[PDB]
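Here's a solo chain for you in C-alpha cells, the form deposited in one PDB entry.
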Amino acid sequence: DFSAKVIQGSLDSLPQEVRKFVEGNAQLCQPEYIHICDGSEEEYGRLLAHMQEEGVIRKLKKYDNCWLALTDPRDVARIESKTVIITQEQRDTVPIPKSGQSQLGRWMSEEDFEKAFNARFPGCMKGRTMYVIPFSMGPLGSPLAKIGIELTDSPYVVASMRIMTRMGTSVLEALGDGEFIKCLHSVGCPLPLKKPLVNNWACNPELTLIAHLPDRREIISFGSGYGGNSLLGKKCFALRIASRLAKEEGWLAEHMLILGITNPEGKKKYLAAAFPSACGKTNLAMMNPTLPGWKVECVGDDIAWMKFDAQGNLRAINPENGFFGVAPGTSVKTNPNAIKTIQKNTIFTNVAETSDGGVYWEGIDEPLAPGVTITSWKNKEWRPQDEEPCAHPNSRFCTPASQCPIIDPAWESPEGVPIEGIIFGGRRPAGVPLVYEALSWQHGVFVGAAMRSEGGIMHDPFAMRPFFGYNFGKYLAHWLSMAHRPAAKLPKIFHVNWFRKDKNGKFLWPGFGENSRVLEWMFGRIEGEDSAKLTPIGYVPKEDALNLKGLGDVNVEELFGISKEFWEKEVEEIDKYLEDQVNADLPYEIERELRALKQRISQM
C-alpha cells in the first residue's frame, strides 16, 4: 500500500488494473512520491516552473511559453542498438538473415531480458517522483484510438507527453476497466546519485535499454531521458507494439504522414506517405503549395493508424497530439508552416539560444540582427565561422498539433480520414524518376519493400526499418493480405524522388512547394484520368501531363528517363537484399513481382 506517498490524485480512484500496475512498480522502483497526472494547465505550468528553478530547462524569453532543454551529450537520440523486442521465438520478431545480423530488428530472449530488468529497475526511482501518465493515442474515445499508462521519473517526459499525446484525468475516465498498454520508464539515476550529473540531465547510457514485450502488452525503457526512448507513445507504442496488434487485428500501423489535399474545384482527397529519414517528409506534410487554388492540410506528420471501414474505405487517424520534429533545417524561408507552429507553447531540446532569448539552428535561413549572439546546445559561445554546429543534428521541437496553421479540420475526427493514395519516398541522385505509380497492389507492396534511405545505399522498406514490431516477411504478407478483403478500396500506390540530379550534381526538379504539381497528377490519377504512360517500372506522367507553368525550362525527359542498365543493377540489388535479409519469409507475391520487374527490364 503506497497510499501514503501519493502527492496528487488517489490510488483509490484508479481502475483496478491501473492501480495494480502503479503499486507493483512503486514496490519495485521505490519512488519517494507518486504523482497521478491530471493533464491540467495548472499541473503543466507548475512542472515547467519547477524544472526551470532546478536548471533542467530554461525559459525562452523571446516567445510565449517556450522552453529549452540541453541534454547530456551521451543521451541525444533514439538508440537502435539498445532497442529490442522480446518474443518466445526469434523468428517471429525478425527474419533469420542468410548471414550476419538482421538489419530489420533486434530480438532478445525472455531469459536475457529478465536478467537485464533485474539488473536495472529495483530501487531505480529512489528519492524521485514516479509520475503516472494516463494517455490516449488517437482522439479520445475514437474507435481507432488505444490507451496507455506511462510511469516515469522524468518531469521532462511528463511535459513532452502532454504535448505528444492526450493525457490526464479524462483518459482514465474513458479507460474504465479496459485494456491498456503498460509503459514503464526510468532515467535510471536513483538518489543519491552514484555518478556525476551532466547538464542537469539524468541518464544512464551504460545501462540504456528500450524493450518491447508485445505478448504482455508491455514497453519497458531504462536509462535514456530522450525522445523516442522515453516518450513511449511515439515509436515504442504507436509503431512497434501497434504494428503487432495491427497484424493480429487486421489493420496497419505505419510510419506515414497523412495529408488532405483540395483541388481548385473544392474536391478533397487524403493521402498517406512513408519516407525514410532525410527524404522530405516534414517538408511535404507542411507543404505550402505553389499551384493556385490548391490547398494542402496536415492530419499527421509521422505516424498513421489505418483500418478498413464497413464500406471498404481505408480510414486513417494520427495517433499523436503533437509534432516531435527535427529542428535543424526547419527554414523560415522554405518551411513557414512549421515555423508558425513552434512560436508558442513549444519545448525545444538541444537547439541553440540567441542572446535575445530566441532559438537557432543550422538551416534556419534567418539572418540575425547585427549585435545578436548565439549560445550553442553545449552551452558555449558560438559563431557561424565555427567548426561544430550550434544545434545537435538530432535536436527537436515538441509542439501542439492544434497550433499548425494548416492542421486539417478532420485531424481529430474519430472515424479517421479516407485514404485514397499511399506514397513511398526516397532520395536517389540517379535513375529513379520524380514520380511513378505501381501497376497493382502487389506491385505497390514490392515498391514499398524496395525503398532506400537517403542516397540509395541502405534499405528502409516502408520507412519502417527501425520500427517493425515483428518479422518483416510476415509484415509484407500482412500488407499483401489487404487485397483479399472483400470490398476493400485499395489506395493507389506511388513512389516519389525529389532528389534526382543532372550530370553536374544539380537537382533536376525544384521541389518544396513545387511538389504540389506532383500531387495534382496523383489526384487526377486517382480520379481515373488518362494522364499516364506505361513503363517497365510502372506508370509515369505522359508528355505534358505535369503542370510546369511558371517553372521555366524543366528537363522532363531526363527527370523521367529510365535506363535499362540502371534498372538491371537495381533489380539485382533488390534480389540480393531480399534473399539475404528476408529469405524463407519472403512472400510468393513479392518474389513474383521481383521476377516480373526483371522480365520487363530485360525486354528494354
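If you superpose the two forms and keep the largest set of C-alpha atoms that fall within 1.5 Å, you have the rigid core. Numbering starts at 1 and runs along the sequence shown.
What follows is about the form deposited in another entry, which we do not show.
In the core-aligned comparison between the shown form and the other one, the C-alpha of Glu557 is the only one from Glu41, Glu557, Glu53, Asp64 that shifts by 2 Å or more.
A displacement of less than 2 angstroms separates the C-alpha positions of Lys268 between the shown form and the other one, with the rigid core held in common. Once both forms are overlaid on the rigid core, the distance between the two CA positions of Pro400 between the shown form and the other one is under 2 angstroms. Taking the rigid core as fixed, one finds a CA shift for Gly300 smaller than 2 Å between the shown form and the other one.
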